[PDB]
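Cβ sites come from the backbone with ideal geometry, for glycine too, and all protein chains shown count toward neighbours. A short reminder: the numbers here are calculations on the coordinates, not readings from a lab.
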Amino acid sequence: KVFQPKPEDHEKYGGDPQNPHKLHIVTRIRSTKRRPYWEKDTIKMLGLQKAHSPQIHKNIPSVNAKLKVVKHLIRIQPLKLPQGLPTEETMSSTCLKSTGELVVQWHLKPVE
Amino acid sequence: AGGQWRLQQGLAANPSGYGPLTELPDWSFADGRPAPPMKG
Amino acid sequence: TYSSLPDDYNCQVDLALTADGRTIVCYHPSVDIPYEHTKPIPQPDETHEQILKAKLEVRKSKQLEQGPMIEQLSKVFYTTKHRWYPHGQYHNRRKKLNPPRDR
Amino acid sequence: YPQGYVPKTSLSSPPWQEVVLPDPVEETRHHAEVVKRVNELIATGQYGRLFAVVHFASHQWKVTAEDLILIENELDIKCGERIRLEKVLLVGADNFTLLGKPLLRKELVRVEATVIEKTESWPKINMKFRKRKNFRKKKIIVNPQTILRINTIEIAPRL
Amino acid sequence: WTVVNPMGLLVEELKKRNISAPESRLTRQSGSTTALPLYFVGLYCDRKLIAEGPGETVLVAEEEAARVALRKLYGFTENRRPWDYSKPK
Amino acid sequence: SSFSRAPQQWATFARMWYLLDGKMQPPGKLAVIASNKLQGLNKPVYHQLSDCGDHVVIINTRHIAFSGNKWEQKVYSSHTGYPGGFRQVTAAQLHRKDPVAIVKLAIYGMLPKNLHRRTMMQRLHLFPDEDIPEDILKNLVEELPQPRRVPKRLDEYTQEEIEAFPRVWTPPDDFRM
Amino acid sequence: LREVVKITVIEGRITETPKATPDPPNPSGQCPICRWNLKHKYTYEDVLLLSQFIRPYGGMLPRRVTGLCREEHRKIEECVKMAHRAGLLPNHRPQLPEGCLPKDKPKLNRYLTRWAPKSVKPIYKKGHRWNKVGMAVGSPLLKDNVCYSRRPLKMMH
Amino acid sequence: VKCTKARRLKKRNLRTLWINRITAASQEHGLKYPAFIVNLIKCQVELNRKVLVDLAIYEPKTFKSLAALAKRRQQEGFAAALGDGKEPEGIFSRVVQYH
Amino acid sequence: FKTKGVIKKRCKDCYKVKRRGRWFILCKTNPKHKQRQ
Ligand code: FES
Ligand SMILES: [Zn+2]
């Protein structure tokens, strides 16, 4: 029941129950120390060794099951692509915002 | 100081994150020749 | 008068944003003290050495003993006697002969 | 008494005093006037010395002409080559200052420096706090260093 | 450059500039009666502050205040435009 | 600034005299202000090794006020160093015997627990009432705002101000009052 | 106001009384305090407000005559005691029966005094930091008053 | 060992020294330390705690400009919260964006 | 003036008072009923 969303929940987080996002941005916010051995393994299986380092993962049921076990130790933010997926040409100009948007052009200039 | 505000603006909570302050080159040559890219 | 800080003690603050809004421009001229506010110098009564002698007047017993003398010094400078007491020959020789100088 | 009126009492009003900011329209004219005055000051050589808070390496440096600074790493520069610093968060004079948000434009400020000398740090002792410390479990950390002189800070009337 | 009569020289310079003799006044005062007094003495011309000076005593503050003014006139204030050693020519 | 080096050094590190009035002021708030000035924490050049403290003069220590029942509940303790030499005296009794002690103790308590505290305490000058010696008055360079706003007494209020405050209720004419 | 004049013949004569200010900001306020929108905005230092409910010699007026609701009949009474103990009502001193002089001891300045100074014993054993005993400041009855601070007021010091 | 455990304690004490002197500096102009630092950042001006102490000690006039600027943004922030709805924010309140 | 945890009236004439920080019941008819907390 915890993972069954409510209509008010969608409004607060601004996520549609349909057209779900594909990729999770997962970061480790707390320590694995003092946690049961099984929780330690899941973190290393998911690659969340260094805290405050975002990792890209699939939003699929198998990944979700592991992500739920370490639900309390991480922050999940849906990846967003305002300008679309990066291409070969723009792969070297990518930059991830704190908002969760992977822009394909990084100029370091005023937006104007 | 003031880290939550930087997130609302869409910036990096730490000023030493993604931004012109860090990523831009620290120096150039007097002639204007660009310096070798910083290792970081 | 647009400044939020009174412009009467240190300087006058004028704050403005450039047209683009990418540079903040500040004009801070220095305010001199008003002539009226100043006090006339009292000429009728001088080197600091003379002032020390007047404060540390030798009136009784010629050179006072350390206990009395040091107490007199402590009053003048608002310090304790312990500061004025000497040190031995171990501590004296530890001191650097020529300490480094920056400007 | 009008509806919502609270008789004057200690807890009626907040301790702080509400402030009324100037109307935006007139402020812009004043702001434009302030910028014009400062630009003329720069244009007609009405400054003396200048300081700049240059963000170099990972450290912000308050610098001025004829200054020396120490950089705790190699810089790939030969001895004597003059350098230009591309990040300056503040430039000031006796009577005016210009603040970047967060950096000034290249045209406004050009900071030139020279690589005086390249060296390494004096031996530094690292000895971790651990049982059985011993006198020999000690390593001499030594780092490379470069010394820079801030030759000239120049400004232009492009406000 | 060693000058022992700054106040006397200041009067001479002001006359050369067609400026009246300065008036010395006590701008600030700190712990005068104590053995560590600080006084700020500022020379005033036509009720305008030409310069200010700090001193242990009024005479030293007055004498130093002359030193500040002479620099002003000669433009040796430390905040002067730095010498241009870097001119290619 | 163009000042000479020695006068500049003398000016920067000079020491100031500050006057504080304790009438209807709690000693703690006086202690907070007084202790800060004594250490030199108000100076941007403050350094623990620089001995940059400044003189503070506090007057009207006899007229301080305490919140709540702190007069009869706050107790100061001392020991003479001999058996049975333990004395616990309430604030009211200490203030009656020595008006200046209560203010002095608060400043002593807040100051850092090191050897420099004793040197700082010399700089503190406390007078029970507004009387000040002639030399100190000359020394004074500035005064500091009282931390606690003193509520006005009913008699102090002007007649017009009383009129300004509306009458919440009126007793009936058939009342002794 | 009816007052007795003695001459023996003694006569009580009704005299005109000051009238309350009309047009309260809050119409139909059940309790006089709320009528004037001062429900939770008055404190002990508000001498002008409190004085309107006090007998000439400092005693409290009966609830009926004042009209205040019990909730504001106790809070107002509590604030009055704090004002008297703080010397904010110098003109409402007790009536001296036979010209008796005051105690003549100097008055210690006090404010926000919850209890009578005579009835409070000293706390000789202060207690340690964790177990430290607290000294009362203010009264709990004023909990609901508006607070302009980041965190709630500390009643126990 | 003490020399090694003190190489990483002069970087924390030297910062606490700066906070003492910045707290002293702002207090002269009437601002608490939290207000001074937070507002300066909210104006998008990034100056670390090491230069701010240098500015106060050696450039007192410039620090007054920073104190006034920090104070104005604090006032603007108070006005925005006090005045709800769609209103143009203060001139300094406007935030530049980098893409 | 027996010091007891609970003060209870022993007669109709008994009344309650709060003197010097404690609760007292004093009875005019019978001094026996006088108590303290
Ligand atoms: S104040 Fe309104 S019910 Fe009493
Ligand atoms: Zn009975």
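Quick look at the values:
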| quantity | calculated |
| --- | --- |
| Options D:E117, D:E74; residue that is of a type in the set (D, E), more than 7 Å from every other protein chain (Cβ to nearest Cβ) and closer than 29 Å to B:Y18 by Cβ | D:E74 |
| In the range F:34-92, the residues that are out of contact with any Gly (no Cβ under 7 Å at 6 or more places or on another chain), among the charged types (D, E, K, R) and surrounded by 18 or more Cβ atoms within 10 Å (Cβ to Cβ) | F:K37, F:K43, F:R62, F:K70, F:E72, F:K74 |
| Enumeration of residues in the range F:99-124 that are surrounded by 15 or more Cβ atoms within 10 Å (Cβ to Cβ) and charged (D, E, K, R) | F:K104, F:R117, F:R123 |
| Long-range neighbours under 7 Å by Cβ, at least six apart or interchain, first residue closer than 23 Å to G:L50 by Cα within the range D:1-19, second of a type in the set (G, A, S) | D:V6/D:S12 |
| Given (1) within 9 Å of chain F (Cβ to nearest Cβ); (2) out of contact with any strand residue (DSSP E or B) (no Cβ under 8 Å at 6 or more places or on another chain); (3) over 24 Å from D:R49 (Cβ atoms), number of the condition E:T77 does not satisfy | (3) |
| In the range G:65-83, residue nearest to ligand 1 (Cβ to nearest atom) [restricted to those that are closer than 24 Å to G:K118 by Cβ and surrounded by fewer than 19 Cβ atoms within 10 Å (Cβ to Cβ)] | G:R74 |
| Any hit, the range G:45-64, residues being among the β-branched types (V, I, T), within 8 Å of another protein chain (Cβ to nearest Cβ) and within 16 Å of ligand 1 (Cβ to nearest atom) | no |
| Criterion: over 17 Å from C:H28 (Cβ atoms) and surrounded by fewer than 14 Cβ atoms within 10 Å (Cβ to Cβ) - qualifying residue of D:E27, D:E18 | D:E18 |
| Total residues in the range I:27-37, condition within 14 Å of chain G (Cβ to nearest Cβ) and either surrounded by 15 or more Cβ atoms within 10 Å (Cβ to Cβ) or within 16 Å of ligand 1 (Cβ to nearest atom) (or both) | 1 |
| Residue tally, condition more than 8 Å from chain F (Cβ to nearest Cβ) and of a type outside the set (F, W, Y), over the range G:110-141 | 14 |
| Test for D:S10: is it more than 28 Å from C:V31 (Cβ to Cβ), out of contact with any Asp or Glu (no Cβ under 7 Å at 6 or more places or on another chain) and of a type in the set (G, A, S) | no |
| Whichever residue in the range H:66-99 is within 14 Å of chain A (Cβ to nearest Cβ) and not aromatic (F, W, Y) and, among such residues, is nearest to C:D20 (Cα to Cα) | H:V96 |
| Positions within the range I:8-25 being surrounded by 10 or more Cβ atoms within 10 Å (Cβ to Cβ), assigned to a loop (DSSP other than H, G, I, E, B) and within 12 Å of ligand 2 (Cβ to nearest atom), in sequence order | I:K9, I:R10, I:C11, I:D13, I:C14 |
| Contacts under 7 angstrom Cβ, first residue in the range I:1-26 being more than 14 Å from every other protein chain (Cβ to nearest Cβ), partner within 9 Å of ligand 2 (Cβ to nearest atom) and of a type in the set (G, A, S), 6 or more apart | none |
| Leading residue by the ranking (farthest from ligand 1 (Cβ to nearest atom)) among those in the range G:4-44 that are in contact with a helix residue (DSSP H, G or I) (Cβ under 9 Å, 6 or more places away or on another chain) and of a type in the set (V, I, T) | G:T43 |
| Failed item, numbered, when C:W84 is tested on (1) more than 9 Å from every other protein chain (Cβ to nearest Cβ); (2) within 30 Å of H:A56 (Cα to Cα); (3) touching a helix residue (DSSP H, G or I) at 6+ places or on another chain (Cβ under 8 Å) | (2) |
| Selection from the range F:1-33 of residues that are of a type in the set (F, W, Y), more than 9 Å from every other protein chain (Cβ to nearest Cβ) and crowded, with 21+ Cβ neighbours inside 10 Å | none |
| Search result, residues across the range B:13-28 that are at the interface with another protein chain (Cβ under 7 Å from one of its Cβ atoms), surrounded by fewer than 17 Cβ atoms within 10 Å (Cβ to Cβ) and out of contact with any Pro (no Cβ under 9 Å at 6 or more places or on another chain) | B:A13, B:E23, B:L24 |
| Hits in the range C:49-87 - residues which are part of a loop (DSSP other than H, G, I, E, B) and surrounded by fewer than 12 Cβ atoms within 10 Å (Cβ to Cβ) | C:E57, C:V58, C:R59, C:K60, C:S61, C:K62, C:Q63, C:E65, C:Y85, C:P86, C:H87 |
| Residue check for G:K19: away from ligand 2 (no atom under 16 Å from the Cβ) and within 8 Å of chain F (Cβ to nearest Cβ) | yes |
| C:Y90 assigned to a helix (DSSP H, G or I), away from chain D (no Cβ under 14 Å) and of a type in the set (S, T, Y) | yes |
| C:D14 being out of contact with any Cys (no Cβ under 8 Å at 6 or more places or on another chain) and among the acidic types (D, E) | no |
| Residue within the range E:18-33 that is surrounded by 22 or more Cβ atoms within 10 Å (Cβ to Cβ), part of a helix (DSSP H, G or I) and small (G, A, S) present | no |
| Cross-chain or 6+ apart pairs with Cβ under 9 Å, the range A:27-50 first and under 22 Å from A:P78 (Cβ atoms), then in a loop (DSSP other than H, G, I, E, B) and of a type in the set (V, I, T) | A:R28/A:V70; A:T42/A:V70; A:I43/A:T32; A:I43/A:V70; A:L46/A:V70; A:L48/A:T32; A:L48/A:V70 |
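For (1) more than 7 Å from every other protein chain (Cβ to nearest Cβ); (2) of a type in the set (A, V, I, L, M); (3) part of a loop (DSSP other than H, G, I, E, B), each residue gets a yes or a no:
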| position | (1), (2), (3) |
| --- | --- |
| D:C79 | yes, no, yes |
| D:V91 | yes, yes, no |
| D:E107 | yes, no, yes |
| D:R130 | yes, no, yes |
| D:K133 | no, no, yes |
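For every residue, the table says whether it meets (1) more than 14 Å from chain D (Cβ to nearest Cβ); (2) closer than 22 Å to H:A56 by Cβ; (3) within 30 Å of the chain's Cα centre (by Cα).
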residue: C:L5; (1), (2), (3): no, yes, yes
residue: C:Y35; (1), (2), (3): yes, no, yes
residue: C:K39; (1), (2), (3): yes, no, yes
residue: C:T47; (1), (2), (3): yes, no, yes
residue: C:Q50; (1), (2), (3): yes, no, yes
residue: C:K55; (1), (2), (3): yes, no, yes
residue: C:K60; (1), (2), (3): yes, no, no
residue: C:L64; (1), (2), (3): yes, no, yes
